[PDB]
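Participant: Please read through the structure below; I'll follow up with questions.
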Amino acid sequence: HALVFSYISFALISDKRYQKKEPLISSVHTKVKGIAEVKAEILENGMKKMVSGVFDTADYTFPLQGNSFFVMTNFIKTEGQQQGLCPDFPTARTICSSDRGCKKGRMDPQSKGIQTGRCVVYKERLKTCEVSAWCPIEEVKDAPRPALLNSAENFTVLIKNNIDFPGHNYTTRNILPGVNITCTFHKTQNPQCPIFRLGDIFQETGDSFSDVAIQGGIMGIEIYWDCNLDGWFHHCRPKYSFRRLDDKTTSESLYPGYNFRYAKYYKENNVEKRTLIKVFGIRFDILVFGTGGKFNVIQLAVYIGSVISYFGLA
Amino acid sequence: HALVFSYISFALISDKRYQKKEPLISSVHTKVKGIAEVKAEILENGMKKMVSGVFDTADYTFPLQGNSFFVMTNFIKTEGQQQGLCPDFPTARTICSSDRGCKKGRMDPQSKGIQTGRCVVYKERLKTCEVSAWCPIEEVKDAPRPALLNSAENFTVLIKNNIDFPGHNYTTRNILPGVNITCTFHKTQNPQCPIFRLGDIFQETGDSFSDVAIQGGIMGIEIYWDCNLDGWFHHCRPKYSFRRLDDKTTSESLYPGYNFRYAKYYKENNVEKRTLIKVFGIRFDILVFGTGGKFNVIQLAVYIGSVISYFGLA
Amino acid sequence: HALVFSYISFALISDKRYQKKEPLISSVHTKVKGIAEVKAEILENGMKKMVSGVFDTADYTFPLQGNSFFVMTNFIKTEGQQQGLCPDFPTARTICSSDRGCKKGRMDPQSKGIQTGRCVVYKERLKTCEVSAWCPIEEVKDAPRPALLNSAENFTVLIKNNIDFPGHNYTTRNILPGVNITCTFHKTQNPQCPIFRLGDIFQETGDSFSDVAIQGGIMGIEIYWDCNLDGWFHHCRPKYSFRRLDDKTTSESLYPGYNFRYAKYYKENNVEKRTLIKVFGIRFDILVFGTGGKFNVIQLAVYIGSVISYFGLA
Ligand SMILES: COc1ccc(CC(=O)N[C@@H](N/C(=N\C#N)Nc2cccc3ncccc23)C(C)(C)C)cc1OC
Ligand SMILES: COc1ccc(CC(=O)N[C@@H](N/C(=N\C#N)Nc2cccc3ncccc23)C(C)(C)C)cc1OC
Ligand SMILES: COc1ccc(CC(=O)N[C@@H](N/C(=N\C#N)Nc2cccc3ncccc23)C(C)(C)C)cc1OC
Ligand SMILES: *[C@@H]1O[C@H](CO)[C@@H](O)[C@H](O)[C@H]1NC(C)=O
Ligand SMILES: *[C@@H]1O[C@H](CO)[C@@H](O)[C@H](O)[C@H]1NC(C)=O
Ligand SMILES: *[C@@H]1O[C@H](CO)[C@@H](O)[C@H](O)[C@H]1NC(C)=O
Ligand SMILES: *[C@@H]1O[C@H](CO)[C@@H](O)[C@H](O)[C@H]1NC(C)=O
Ligand SMILES: *[C@@H]1O[C@H](CO)[C@@H](O)[C@H](O)[C@H]1NC(C)=O
Ligand SMILES: *[C@@H]1O[C@H](CO)[C@@H](O)[C@H](O)[C@H]1NC(C)=O
Ligand SMILES: *[C@@H]1O[C@H](CO)[C@@H](O)[C@H](O)[C@H]1NC(C)=O
Ligand SMILES: *[C@@H]1O[C@H](CO)[C@@H](O)[C@H](O)[C@H]1NC(C)=O
Ligand SMILES: *[C@@H]1O[C@H](CO)[C@@H](O)[C@H](O)[C@H]1NC(C)=O
């Protein structure tokens with residue numbers, strides 16, 4: 001019987017039932033550092049074109065919102081779009097033999113414009129259904145075979161996390177004062193370092209960075225706080241882990257990868273015009289969770305209340 | 001007494017107290033599909049004007065951030081604003097009889113500019129207090145009677161949700177592999193379908209889509225995960241519900257509806273100029289919550305501890 | 001013994017163990033009101049320049065996302081940047097005596113461009129390492145000594161919070177119907193008022209607004225819901241508190257303050273060009289948390305189960 005009582009007490013200390021768990025409040029501020037030199041040859045409208053230039057912080061990212069930030073790793077640029085009438089891009093759905101194939105007003109999910117009910121030539125006696133939209137229609141083409149900002153794995157992200165427990169009135173930040181800021185996060189060498197190379201994060205998660213960077217993806221950074229408020233056993237430090245949140249469906253219907261359509265509006269020769277930039281990139285989700293533990297007398301009284309009857313039966 | 005013990009055991013199985021609840025981690029990636037053809041007549045500065053064009057994905061929305069995305073359903077465009085001196089728009093607060101009514105430097109909450117202390121004609125011997133701001137002052141006028149992007153109810157939103165329970169080390173996504181992607185969500189016909197028509201969501205919540213689309217609103221999509229990790233009773237699927245989070249105050253002081261002031265900056269004839277686009281739309285909040293349940297021995301020991309003393313009293 | 005039983009019952013009522021706690025769902029919609037007149041003298045490239053104009057809502061803020069909104073309090077504008085070759089800005093790392101000091105291709109964390117391996121004059125026989133980037137390189141200079149939008153403390157923010165408890169099926173909003181909207185939040189005078197002056201929030205947190213506004217910071221607004229669902233003791237109102245989430249590291253390596261690099265792209269004389277606006281401001285994080293309490297029979301049965309054995313021992 002005594003060993004059952006003792007296994008009860010040990011169950012208390014091991015489960016930490018004497019402490020009252022408190023939820024975790026987290027705020028995140030991130031600063032991304034690095035630049036990328038882009039020199040590549042991109043085929044546009046069947047003609048070879050040269051993409052060159054340097055991309056600094058303002059070019060490939062924007063400030064974090066909703067505990068998540070994004071890094072553009074690749075892109076496809078269509079310029080000079082203007083509202084008008086224009087044959088749709090040749091695809092399995094758009095090709096037409098005659099005007100009967102196109103219904104005036106028909107909207108297709110792959111199509112970016114409303115059909116005009118006419119079947120017209122796109123190029124060299126190959127006819128698509130004419131549509132009304134921003135034109136010329138953006139190409140239906142694959143992403144660049146090497147991601148233009150393939151240096152995205154070399155950039156470094158600095159994460160600054162502030163956590164507060166209101167029930168215990170305890171506030172602490174991810175970066176303790178006096179810590180040597182110059183470090184690169186490592187699983188064993190620098191567990192508390194807040195500077196993470198993106199390629200390091202992809203190596204930890206086992207996913208090759210380049211492949212994800214070609215068509216875009218969603219990565220996730222987990223910050224764990226297992227915190228104890230008792231003065232005789234106190235420790236409130238974060239544990240960094242990395243997980244790939246992207247589904248990797250690899251199906252055209254499921255919209256694989258992470259990419260969005262950017263629209264820049266300008267006026268030229270007294271004409272309303274748009275430049276459409278298809279943006280491919282890796283969005284990093286920062287997930288912070290924690291429990292605050294302090295000795296609660298009432299919780300210990302309820303636990304004792306259970307283990308007294310559980311105790312007498314032994 | 002035996003029926004009290006048995007009602008205790010049944011209370012355990014029914015409340016699932018033997019399992020330890022775990023918090024839910026959710027990440028959301030959404031892709032919106034559809035286009036809207038806009039043809040309408042809008043009165044601008046007392047003169048009839050024609051608004052026409054096609055709006056594709058890049059025009060009426062932007063990528064989701066903070067587990068929420070927005071769809072512009074209506075708009076009001078003021079163009080050519082430039083910094084300068086200019087009579088404010090005629091309202092109950094702005095109309096002045098003489099220069100004494102305007103105090104130089106006075107800032108009014110409805111006014112977008114600082115008064116210059118002068119009372120000047122706006123149009124046809126009707127005087128407003130002259131202000132310093134981006135001018136001409138945007139009209140104080142109602143939204144278009146039919147929302148310009150009234151097709152907003154026909155668009156379809158694809159929601160992709162990844163949930164993880166860290167305590168149980170269990171990860172699953174909203175879309176199971178192999179599910180037929182071609183579907184439209186229905187309460188009974190397609191409960192697991194991740195494609196939702198916006199008008200479907202507004203019909204479920206009982207709110208007419210057009211009315212909300214005229215002046216904007218805030219809609220909310222709820223995803224519930226009641227998940228059980230035990231191998232003998234395992235089920236971890238989402239439940240979709242829809243709720244209107246917008247307050248619908250319908251009071252000018254409470255800023256009714258959802259709308260924001262967009263600023264596009266350009267330079268013309270060596271002059272700094274701005275175009276102000278008042279954006280009306282429906283912001284969709286995706287709310288995901290869940291509990292992870294697995295058999296915990298210590299929890300069962302504490303419960304047993306209570307029900308043994310509760311038991312002996314019977 | 002009777003006093004131990006009674007201290008148990010009092011422990012129940014005081015800890016509210018008879019009620020089952022439910023998590024809190026929060027959605028936030030905020031509308032910011034006010035304008036700022038900016039008249040200041042800013043030194044640019046060693047030459048005095050005059051910054052003047054009026055900033056309305058669209059100029060200094062954008063809609064809240066992820067339960068947080070931002071207000072630009074200060075800025076530094078570099079205009080006319082274009083891709084090319086150009087000497088880096090003179091700093092401790094950039095100054096070069098000869099071409100040997102610069103390595104072709106070297107990327108420096110403080111530098112915004114890739115070195116070309118050449119050491120060239122910046123101004124008056126003072127040589128920096130030549131780099132390839134958007135040029136001229138933005139100045140490495142301090143923020144304006146008075147924040148250009150120093151009126152940021154006078155603006156007013158309206159916060160509208162909707163909370164829902166799903167387990168109890170109870171929904172309520174921050175603003176009750178019929179409340180006089182005209183109010184300014186005060187700790188004692190107006191505890192339920194949803195209109196907060198920014199300078200009021202900084203006075204509550206004890207941080208001078210101007211200092212934070214010069215280089216930017218992160219502020220946090222806490223909304224507490226302690227809600228009871230029982231009809232005989234029902235109260236579900238918010239408690240507003242204010243806390244400064246910014247770390248205030250004041251170290252160049254830790255990127256002190258809150259600021260981000262904004263990029264506006266334009267084309268001039270058939271040349272791709274960029275204007276880089278360094279944005280300093282105060283980001284307000286709205287944190288809402290709550291517990292829903294209703295009488296649960298099973299919870300009371302487990303508590304009774306503990307306190308019966310705890311009871312008999314006395
Ligand atoms: C949130 O705060 C903002 C911060 C920045 C911007 C500007 C912006 O849209 N930049 C985009 N990046 C580029 N171009 C564009 N657009 N980067 C390129 C720079 C040169 C040449 C490029 N060529 C092709 C594609 C991208 C290019 C981005 C979508 C961030 C990748 C807007 C913000 O919101 C108002
Ligand atoms: C987050 O990523 C971004 C994605 C896109 C944009 C461009 C943008 O502001 N588009 C806006 N939409 C339109 N015009 C504007 N501005 N749509 C119209 C298209 C033609 C004619 C229109 N005419 C009147 C009103 C809107 C029009 C929008 C505010 C989204 C409704 C910026 C982003 O942040 C950098
Ligand atoms: C999210 O919805 C958007 C709402 C607005 C904008 C426009 C914008 O970027 N405005 C910026 N504010 C200014 N200029 C810029 N850029 N304000 C100035 C107005 C005159 C003169 C100024 N001069 C210097 C610095 C700022 C100035 C801001 C970054 C908000 C401070 C973009 C949005 O995303 C698509
Ligand atoms: C990252 O930097 C290292 C060292 O400069 C270089 O060897 C490597 O090729 C870079 N990676 C990419 C993708 O450019
Ligand atoms: C939180 O703890 C600090 C510790 O010094 C104390 O000064 C402060 O008053 C506490 N907060 C409250 C609300 O009691
Ligand atoms: C920080 O660490 C780096 C390398 O680990 C070292 O070069 C540097 O001197 C350290 N800084 C301090 C202040 O110790
Ligand atoms: C949505 O589409 C249907 C079928 O094309 C059409 O009958 C309906 O009028 C559309 N709704 C709007 C608001 O355009
Ligand atoms: C989570 O479960 C999987 C199941 O195969 C296992 O391989 C993995 O090691 C587990 N994670 C941890 C941290 O133990
Ligand atoms: C999916 O369902 C649609 C209609 O419900 C049907 O036309 C289509 O053939 C289905 N796809 C598969 C692969 O069964
Ligand atoms: C805020 O407004 C008051 C009253 O108009 C004024 O005295 C004060 O100087 C203003 N503050 C700033 C920073 O402009
Ligand atoms: C929530 O409570 C209201 C109170 O009238 C009730 O009408 C509604 O049916 C309840 N919801 C559910 C899902 O039972
Ligand atoms: C609201 O309060 C203000 C000042 O506190 C007062 O001037 C106004 O008349 C009040 N409104 C109502 C409807 O009572």
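A note on labels: chains of the structure tokens are A, B, ... as shown, every chain counts residues from 1, and ligands are counted from 1 in their shown order.
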Using only C-alpha atoms and all ligand atoms, what does the table of chain A residues within 10 Å of ligand 1 look like, with each row giving the shortest atom pair and its distance in Å to one decimal, sorted by chain and ascending number, as a tab-separated table?

Facilitator:
residue	atom	partner	partner_atom_place_in_ligand_line	distance
A:38	CA	ligand 1	21 (C)	9.8
A:51	CA	ligand 1	23 (N)	8.2
A:52	CA	ligand 1	21 (C)	8.8
A:53	CA	ligand 1	21 (C)	7.5
A:54	CA	ligand 1	20 (C)	7.9
A:55	CA	ligand 1	19 (C)	6.4
A:56	CA	ligand 1	19 (C)	8.5
A:57	CA	ligand 1	30 (C)	9.0
A:58	CA	ligand 1	5 (C)	5.9
A:59	CA	ligand 1	17 (N)	4.0
A:60	CA	ligand 1	31 (C)	4.5
A:61	CA	ligand 1	30 (C)	4.7
A:62	CA	ligand 1	1 (C)	4.7
A:63	CA	ligand 1	1 (C)	6.0
A:64	CA	ligand 1	1 (C)	8.5
A:65	CA	ligand 1	1 (C)	9.1
A:70	CA	ligand 1	30 (C)	8.6
A:71	CA	ligand 1	31 (C)	7.6
A:72	CA	ligand 1	31 (C)	5.6
A:73	CA	ligand 1	31 (C)	8.9
A:74	CA	ligand 1	25 (C)	8.1
A:75	CA	ligand 1	25 (C)	5.7
A:76	CA	ligand 1	25 (C)	6.8
A:77	CA	ligand 1	24 (C)	5.6
A:78	CA	ligand 1	24 (C)	8.9
A:79	CA	ligand 1	24 (C)	9.7
A:148	CA	ligand 1	24 (C)	9.6
A:260	CA	ligand 1	29 (C)	8.9
A:261	CA	ligand 1	29 (C)	9.0
A:262	CA	ligand 1	29 (C)	6.6
A:263	CA	ligand 1	16 (N)	7.4
A:264	CA	ligand 1	16 (N)	6.4
A:265	CA	ligand 1	16 (N)	10.0
A:275	CA	ligand 1	16 (N)	8.7
A:276	CA	ligand 1	16 (N)	8.6
A:277	CA	ligand 1	25 (C)	6.0
A:278	CA	ligand 1	25 (C)	7.8
A:279	CA	ligand 1	31 (C)	6.6
A:280	CA	ligand 1	31 (C)	8.7
A:281	CA	ligand 1	31 (C)	8.6

Participant: Counting only C-alpha atoms, which residues of chain B fall within 9 Å of chain A, and what is the closest atom pair for each with its distance in Å at one decimal, ordered by chain and rising number, as a Markdown table?

Facilitator:
| residue | atom | partner | partner_atom | distance |
| --- | --- | --- | --- | --- |
| B:25 | CA | A:287 | CA | 8.0 |
| B:27 | CA | A:245 | CA | 7.3 |
| B:29 | CA | A:258 | CA | 8.4 |
| B:31 | CA | A:255 | CA | 7.5 |
| B:33 | CA | A:109 | CA | 6.8 |
| B:34 | CA | A:109 | CA | 6.5 |
| B:35 | CA | A:112 | CA | 7.0 |
| B:36 | CA | A:114 | CA | 8.6 |
| B:37 | CA | A:114 | CA | 7.8 |
| B:53 | CA | A:83 | CA | 6.6 |
| B:54 | CA | A:133 | CA | 5.5 |
| B:55 | CA | A:133 | CA | 7.6 |
| B:56 | CA | A:112 | CA | 6.2 |
| B:57 | CA | A:261 | CA | 7.2 |
| B:58 | CA | A:261 | CA | 5.2 |
| B:59 | CA | A:263 | CA | 6.7 |
| B:62 | CA | A:260 | CA | 7.7 |
| B:63 | CA | A:260 | CA | 6.6 |
| B:65 | CA | A:66 | CA | 6.0 |
| B:66 | CA | A:66 | CA | 4.0 |
| B:67 | CA | A:66 | CA | 7.6 |
| B:158 | CA | A:254 | CA | 8.6 |
| B:160 | CA | A:247 | CA | 8.6 |
| B:162 | CA | A:245 | CA | 6.7 |
| B:163 | CA | A:245 | CA | 8.9 |
| B:173 | CA | A:247 | CA | 7.6 |
| B:175 | CA | A:247 | CA | 9.0 |
| B:177 | CA | A:249 | CA | 8.2 |
| B:181 | CA | A:253 | CA | 6.9 |
| B:182 | CA | A:253 | CA | 8.4 |
| B:266 | CA | A:266 | CA | 8.9 |
| B:298 | CA | A:11 | CA | 6.9 |
| B:301 | CA | A:310 | CA | 7.8 |
| B:302 | CA | A:306 | CA | 5.6 |
| B:303 | CA | A:306 | CA | 7.0 |
| B:304 | CA | A:310 | CA | 6.6 |
| B:305 | CA | A:306 | CA | 3.7 |
| B:306 | CA | A:306 | CA | 4.2 |
| B:307 | CA | A:306 | CA | 7.7 |
| B:308 | CA | A:309 | CA | 5.5 |
| B:309 | CA | A:309 | CA | 5.1 |
| B:310 | CA | A:309 | CA | 8.7 |
| B:312 | CA | A:309 | CA | 8.9 |

Participant: Please write out the residues within 10 Å of ligand 4 as a PDB file with N, CA and C atoms, in the first residue's frame, counting only C-alpha atoms and all ligand atoms.

Facilitator:
ATOM      1  N   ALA A  36      20.222  39.556 -52.362  1.00  0.00           N
ATOM      2  CA  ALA A  36      20.335  38.516 -53.379  1.00  0.00           C
ATOM      3  C   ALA A  36      20.613  39.135 -54.739  1.00  0.00           C
ATOM      4  N   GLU A  37      21.666  38.659 -55.401  1.00  0.00           N
ATOM      5  CA  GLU A  37      21.994  39.098 -56.751  1.00  0.00           C
ATOM      6  C   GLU A  37      21.363  38.137 -57.753  1.00  0.00           C
ATOM      7  N   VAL A  38      20.546  38.676 -58.654  1.00  0.00           N
ATOM      8  CA  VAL A  38      19.767  37.887 -59.602  1.00  0.00           C
ATOM      9  C   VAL A  38      20.304  38.137 -61.004  1.00  0.00           C
ATOM     10  N   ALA A 147      15.153  29.038 -59.225  1.00  0.00           N
ATOM     11  CA  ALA A 147      14.482  30.200 -58.657  1.00  0.00           C
ATOM     12  C   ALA A 147      15.376  31.426 -58.776  1.00  0.00           C
ATOM     13  N   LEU A 149      15.556  34.221 -57.118  1.00  0.00           N
ATOM     14  CA  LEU A 149      16.162  34.524 -55.822  1.00  0.00           C
ATOM     15  C   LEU A 149      16.505  33.230 -55.090  1.00  0.00           C
ATOM     16  N   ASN A 150      17.329  32.416 -55.750  1.00  0.00           N
ATOM     17  CA  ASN A 150      17.745  31.152 -55.160  1.00  0.00           C
ATOM     18  C   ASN A 150      18.676  31.351 -53.975  1.00  0.00           C
ATOM     19  N   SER A 151      19.248  32.546 -53.819  1.00  0.00           N
ATOM     20  CA  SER A 151      20.027  32.856 -52.628  1.00  0.00           C
ATOM     21  C   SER A 151      19.167  32.943 -51.376  1.00  0.00           C
ATOM     22  N   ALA A 152      17.869  32.635 -51.484  1.00  0.00           N
ATOM     23  CA  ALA A 152      16.962  32.805 -50.356  1.00  0.00           C
ATOM     24  C   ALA A 152      17.349  31.922 -49.177  1.00  0.00           C
ATOM     25  N   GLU A 153      18.079  30.834 -49.431  1.00  0.00           N
ATOM     26  CA  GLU A 153      18.507  29.958 -48.350  1.00  0.00           C
ATOM     27  C   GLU A 153      19.646  30.552 -47.530  1.00  0.00           C
ATOM     28  N   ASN A 154      20.344  31.564 -48.050  1.00  0.00           N
ATOM     29  CA  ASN A 154      21.460  32.162 -47.325  1.00  0.00           C
ATOM     30  C   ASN A 154      21.049  33.316 -46.419  1.00  0.00           C
ATOM     31  N   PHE A 155      19.867  33.898 -46.626  1.00  0.00           N
ATOM     32  CA  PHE A 155      19.408  34.990 -45.777  1.00  0.00           C
ATOM     33  C   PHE A 155      19.271  34.532 -44.329  1.00  0.00           C
ATOM     34  N   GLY A 199      18.195  28.333 -45.104  1.00  0.00           N
ATOM     35  CA  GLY A 199      18.665  27.019 -45.506  1.00  0.00           C
ATOM     36  C   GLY A 199      18.913  26.093 -44.332  1.00  0.00           C
ATOM     37  N   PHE A 209      15.841  23.247 -49.988  1.00  0.00           N
ATOM     38  CA  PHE A 209      15.356  24.619 -50.074  1.00  0.00           C
ATOM     39  C   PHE A 209      15.041  25.008 -51.513  1.00  0.00           C
ATOM     40  N   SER A 210      15.893  24.613 -52.463  1.00  0.00           N
ATOM     41  CA  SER A 210      15.728  25.069 -53.843  1.00  0.00           C
ATOM     42  C   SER A 210      14.380  24.636 -54.412  1.00  0.00           C
TER      43      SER A 210
ATOM     44  N   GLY C 105      32.416  40.829 -54.712  1.00  0.00           N
ATOM     45  CA  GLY C 105      31.343  39.925 -54.363  1.00  0.00           C
ATOM     46  C   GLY C 105      31.015  39.868 -52.887  1.00  0.00           C
ATOM     47  N   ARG C 106      31.805  40.524 -52.039  1.00  0.00           N
ATOM     48  CA  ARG C 106      31.588  40.450 -50.601  1.00  0.00           C
ATOM     49  C   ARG C 106      30.295  41.156 -50.216  1.00  0.00           C
ATOM     50  N   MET C 107      29.475  40.478 -49.417  1.00  0.00           N
ATOM     51  CA  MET C 107      28.222  41.025 -48.915  1.00  0.00           C
ATOM     52  C   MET C 107      28.376  41.304 -47.427  1.00  0.00           C
TER      53      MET C 107
END

Participant: Neighbours of ligand 12 at 9 Å or closer, counting only C-alpha atoms and all ligand atoms: which residues, as a list in words?

Facilitator: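 Here is the list of contacting residues: residues 178, 179, 180, 181, 182, 183 and 184 of chain C.
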
Participant: Measuring atom to atom with only C-alpha atoms and all ligand atoms, identify which of B:241, B:291, B:250, B:9 is nearest to ligand 11.

Facilitator: B:241

Participant: Show me which residues are within 10 Å of ligand 11 counting only C-alpha atoms and all ligand atoms, and format the list as a list in words.

Facilitator: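 Using only C-alpha atoms and all ligand atoms, everything at most 10 Å from ligand 11 comes to residues 166, 167, 168, 169, 170 and 171 of chain C.
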
Participant: Please report, as a PyMOL selection string, each residue of segment 69-208 of chain B to which DSSP assigns alpha helix (DSSP H) when run on this structure's backbone.

Facilitator: chain B and resi 198-204

Participant: Kindly save the residues from that selection, with N, CA and C atoms included, as a PDB file, in the first residue's frame.

Facilitator:
ATOM      1  N   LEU B 198     -19.113  32.422 -51.580  1.00  0.00           N
ATOM      2  CA  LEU B 198     -19.342  33.487 -50.610  1.00  0.00           C
ATOM      3  C   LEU B 198     -20.832  33.678 -50.354  1.00  0.00           C
ATOM      4  N   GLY B 199     -21.635  33.662 -51.422  1.00  0.00           N
ATOM      5  CA  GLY B 199     -23.075  33.744 -51.260  1.00  0.00           C
ATOM      6  C   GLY B 199     -23.653  32.578 -50.485  1.00  0.00           C
ATOM      7  N   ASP B 200     -23.039  31.397 -50.603  1.00  0.00           N
ATOM      8  CA  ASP B 200     -23.436  30.278 -49.754  1.00  0.00           C
ATOM      9  C   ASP B 200     -23.203  30.602 -48.285  1.00  0.00           C
ATOM     10  N   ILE B 201     -22.043  31.180 -47.968  1.00  0.00           N
ATOM     11  CA  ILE B 201     -21.719  31.508 -46.582  1.00  0.00           C
ATOM     12  C   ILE B 201     -22.691  32.545 -46.039  1.00  0.00           C
ATOM     13  N   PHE B 202     -23.061  33.526 -46.866  1.00  0.00           N
ATOM     14  CA  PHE B 202     -24.015  34.533 -46.413  1.00  0.00           C
ATOM     15  C   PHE B 202     -25.430  33.979 -46.304  1.00  0.00           C
ATOM     16  N   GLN B 203     -25.780  32.993 -47.129  1.00  0.00           N
ATOM     17  CA  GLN B 203     -27.085  32.357 -46.989  1.00  0.00           C
ATOM     18  C   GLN B 203     -27.149  31.523 -45.717  1.00  0.00           C
ATOM     19  N   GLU B 204     -26.048  30.852 -45.369  1.00  0.00           N
ATOM     20  CA  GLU B 204     -26.006  30.072 -44.137  1.00  0.00           C
ATOM     21  C   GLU B 204     -26.166  30.970 -42.916  1.00  0.00           C
TER      22      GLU B 204
END

Participant: Nearest to residue 188 of chain C: which of C:240, C:4, C:48, C:233 is it, counting only C-alpha atoms?

Facilitator: C:240

Participant: Which residues, written as a list in words, have at least one atom at most 8 Å from residue 238 of chain A, with only C-alpha atoms counted and residues fewer than 2 positions away on the same chain left out?

Facilitator: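 With the cut-off at 8 Å, the set is residues 174, 192, 223, 224, 225, 226, 236 and 240 of chain A.
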
Participant: Kindly indicate which residue among B:100, B:283, B:39, B:273 lies nearest to ligand 7, using only C-alpha atoms and all ligand atoms for the distances.

Facilitator: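 Closest to ligand 7, using only C-alpha atoms and all ligand atoms: B:39.
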
Participant: Kindly give the distance, in Å, that separates atom CA of residue 217 of chain A and atom CA of residue 282 of chain A, rounded to a single decimal.

Facilitator: 4.8 Å

Participant: From the list C:1, C:161, C:257, C:243, which residue is nearest ligand 5 when using only C-alpha atoms and all ligand atoms?

Facilitator: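 Among the listed residues, C:243 lies closest to ligand 5.
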